[PDB]
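> I'd like to ask you about the structure that follows.
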Amino acid sequence: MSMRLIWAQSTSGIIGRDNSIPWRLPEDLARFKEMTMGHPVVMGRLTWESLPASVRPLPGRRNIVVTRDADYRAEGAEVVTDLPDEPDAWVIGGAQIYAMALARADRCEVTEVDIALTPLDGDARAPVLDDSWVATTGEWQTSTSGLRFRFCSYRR
Ligand SMILES: CCc1nc(N)nc(N)c1OCCCOc1cccc(CCC(=O)O)c1
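Numbering (the deposited numbering), first residue to last: 1 to 156.
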């Protein structure tokens, strides 16, 4: 019904390589925290293990880890084998988790980072949103880090 997707991507659409993020953008962390606090957050195992240890699990949010390995220990998170039907939840990671949740989604919150990245094999790419989405495009912004970025919101 009402899954929300949130991701940060380069302008070429890359959301990371092996979960590693090439940009430092504290304004994106701030907006991620504002959007997801007090709600379940749904993620893959690689996103979970890539969280900074001090916020694994992400505090103030019910953390849910989706993986085909039924036996997996995530201290502080709920381990499920399939995407859960949590109405108010935010999907936060897994290029494949975004793909699976997109059908159930009526909101996407995107940070676009103006950073050139060389494509590498097995890159995680952002979902391409079709014409059913209504886009609200924020103004281009400059970070305390010097990077240009913008926030875009999509609804249907
Ligand atoms: C924030 C990157 C991001 N940015 C966007 N826009 N979407 C995402 N899915 C997304 O990855 C979420 C997985 C990594 O999470 C972190 C990682 C480090 C610090 C924090 C803030 C802690 C807090 O929030 O308390 C969160």
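Don't be surprised by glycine CBs; every beta carbon is placed ideally from N, CA and C.
Along the chain, where does the beta strand (DSSP E) that runs through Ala8 open and close?
On the sequence shown, residue 8 is found 8 positions in, with the first residue counted as 1. That run of the beta strand (DSSP E) goes 3 to 10.
> Determine, using beta carbons only, whether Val110 and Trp7 come nearer to each other than 8 Å.
Translated into positions along the sequence shown, residue 110 becomes position 110. Translated into positions along the sequence shown, residue 7 becomes position 7. For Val110 and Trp7, yes; Cβs fall inside 8 Å.
> Determine the direct distance from the alpha carbon of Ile15 to that of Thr36, and round the result to whole angstroms.
As a position in the sequence shown, residue 36 is number 36, starting the count at 1. As a position in the sequence shown, residue 15 is number 15, starting the count at 1. Those two C-alpha atoms are separated by around 18 Å.
> Any heavy atom of ligand 1 within a distance shorter than 7 Å of the CB on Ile92?
As a working mapping, residue 92 is identified with position 92 in the sequence shown. For ligand 1, at least one heavy atom lies less than 7 Å from the Cβ of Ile92.
> Who are the Cβ neighbours of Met100 in its own chain at under 7 Å, not counting the five residues just before and after it?
The sequence position of residue 100 within the sequence shown is 100, counting from 1. Result list for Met100: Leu83, in chain order.
> Measuring from the CB of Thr144, is there a heavy atom of ligand 1 at a distance below 7 Å?
Your numbering for residue 144 matches position 144 in the sequence shown. Result no, Cβ not under 7 Å from ligand 1.
> Closest to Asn63 by C-alpha separation, out of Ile97, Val41, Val55, would be which residue?
Residue mapping note: residue 63 aligns to position 63 of the sequence shown, counting from 1. Looking at the Cα atoms, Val41 is the closest of the given residues.
> For the alpha helix (DSSP H) holding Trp48, just list the boundary residues, first then last.
Within the sequence shown, the letter at position 48 stands for residue 48. Residues 45 to 50.
> List the residues that DSSP assigns as beta-bridge partners of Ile64.
In the sequence shown, residue 64 corresponds to position 64, counting from 1. Looking at the DSSP assignment, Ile64 forms a beta bridge with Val42, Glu78.
> Could you say which of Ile21, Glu139, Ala135, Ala53 lies nearest to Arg148 if we only look at CA atoms?
Working through the sequence shown from its first residue, we reach residue 148 at position 148. The residue with the shortest Cα to Cα distance from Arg148 is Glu139.
> For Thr137, does the count of other Cβ atoms within 10 angstroms reach 16, so buried, or fall short, so exposed?
Start at 1 with the first residue of the sequence shown, and residue 137 comes out as number 137. Label assigned to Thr137: exposed.
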